[PDB]
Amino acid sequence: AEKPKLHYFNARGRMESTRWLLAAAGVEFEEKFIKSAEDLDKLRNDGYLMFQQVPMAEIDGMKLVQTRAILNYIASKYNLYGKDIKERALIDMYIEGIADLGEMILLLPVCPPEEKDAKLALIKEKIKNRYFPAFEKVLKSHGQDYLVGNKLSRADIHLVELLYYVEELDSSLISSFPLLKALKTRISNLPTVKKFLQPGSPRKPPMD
């Protein structure tokens, strides 16, 4: 039927994690970029946005807004949300950690220059002492190739998306975490993700 359509600015922001997820799952999708204040007004006036905000994803007859509502739908539909409620609970806990750390990095562009370098220090500290250790530990708990249930899930995709942003921020941060290093390699070589990393894909660049 209808390809999904994704409505956002031509940038990573809040739609990037959905592009990764769809691309990871081998699903073809279309984008519709918001060029101006008037394009977003058009969306609002046409009643396309429940809460007057994008990201919005037109998919299977719905106009889903809220990143988490979109991700959750795509994850279940393409069997990347684990095989049962308990598995979904581990996935949720992992990905919400990832979302929290992600949020910090995503917002660092719009810090006050006053606060910026304590905020960066604070981030780097959480990564090294909080986040990378918890996942390294998960990976080391089972020695398996994926974070949950010994098969590809959304957790692996969101984690690896984040490991790319961490690299850009400071490529030394991951160096004392070998299992994370290996996870990043393995996931980046999966056909669909190798293609998404290749030039020409919907993958978006860092902002300028």
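One-based numbering along the sequence shown.
Chemist: Do the C-alpha atoms of 26 to 34 or of 148 to 156 have the higher average B factor in the entry?
Modeler: That would be 26 to 34.
Chemist: On mean C-alpha B-factor from the PDB entry, just flag whether 132 to 140 or 88 to 96 is the higher one.
Modeler: Result of the comparison: 132 to 140.
Chemist: Going by the entry, which of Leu40, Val65, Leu183, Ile59 has the most elevated CA B factor?
Modeler: So the option with the highest C-alpha B-factor is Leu40.
Chemist: Would you please rank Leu107 by its C-alpha temperature factor against the other modelled residues of its chain and give the third it falls in: lowest, middle or highest?
Modeler: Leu107: CA B-factor falls in the highest third of its chain.
Chemist: Just say lowest, middle or highest third for the CA B-factor of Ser17 relative to the other modelled residues in its chain.
Modeler: Tercile = lowest for this residue's CA B-factor.
Chemist: Rank-wise, by C-alpha B-factor, drop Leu179 into the lowest, middle or highest third of its chain.
Modeler: Its C-alpha B-factor, which the entry lists for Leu179, ranks in the middle third among residues of this chain.
Chemist: What third of the chain does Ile74 rank in for C-alpha temperature factor, lowest, middle or highest?
Modeler: It belongs to the lowest third of the chain when residues are ordered by C-alpha B-factor.
Chemist: Quick one: classify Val54 as lowest, middle or highest third of the chain based on its Cα B-factor.
Modeler: Tercile = lowest for this residue's CA B-factor.
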